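Listed next as structure tokens is one chain, alone, in the form deposited in one PDB entry.
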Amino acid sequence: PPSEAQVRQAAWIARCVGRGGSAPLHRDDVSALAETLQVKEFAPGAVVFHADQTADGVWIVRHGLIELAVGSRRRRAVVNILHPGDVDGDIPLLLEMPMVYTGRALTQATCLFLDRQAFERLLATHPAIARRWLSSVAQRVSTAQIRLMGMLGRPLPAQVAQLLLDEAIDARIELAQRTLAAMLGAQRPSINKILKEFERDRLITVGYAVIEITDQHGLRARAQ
């Protein structure tokens, strides 16, 4: 199974994925680039890109969900989920680093692919796209850095509160408790105890696979 450190590392690297306002390409530009971007379709379970391999280029999700995970297929830990509009591959390429997690289609999915040659050509010939990419990279890694900074030295319950608030999409968190624990350098039983307490105080609801935030203001106060 992947070590806690491998899971922690992959999960925080996966928090630098481009999304919404932070995405490196404007939607208008993704459209204009149709003859450069390759359309790639994935059945559920199919690999988009492998861990420990150099990025073949930049991936953009057009529809479906891509799971990001570490560990062998059997002992898999999911560290993040890419939604439509999300972009990955570009920061590792800029760091000259291999991917540290595997992306697998969760649902049927379609991804646009910008190969590394096309990427280099694009930045070299379209200064406006390059300039936006620069602000995007800065925004994405700085946002991750700010989340980490804010949790240092804080008691574990406050860290879990903050992590939940930051992870939430439409007030829902669908990550495993083992992964949440690894992100905080903690053990699953510790996270579970804190989640039970938050549940008793009516801050969250913990279903089978999902945590829902039921009182955001109350949870913010626990984050300190």
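Residue positions are given as counts along the sequence shown, with the first one as 1.
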- Mean temperature factor over C-alpha atoms, higher-scoring stretch between 69 to 77 and 102 to 110: 69 to 77
- What stretch has the higher average Cα B-factor here, 144 to 152 or 131 to 139? 144 to 152
- Query: If you check the C-alpha B-factor for each of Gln159, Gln38, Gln53, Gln177 in the entry, which is highest?
  - Reply: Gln38
- Based on the entry's values, in what third of the chain does the Cα temperature factor of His26 lie: lowest, middle or highest? highest
- Query: Which third of the chain does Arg188 land in by C-alpha B-factor: lowest, middle or highest?
  - Reply: middle
- Item | Lowest, middle or highest third - CA B-factor, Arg202 | highest
- Taking the chain's C-alpha temperature factors as the reference, tell me which third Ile169 falls into: lowest, middle or highest. highest
- Item | Assigned third (lowest, middle, highest) for the C-alpha B factor of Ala5 | middle
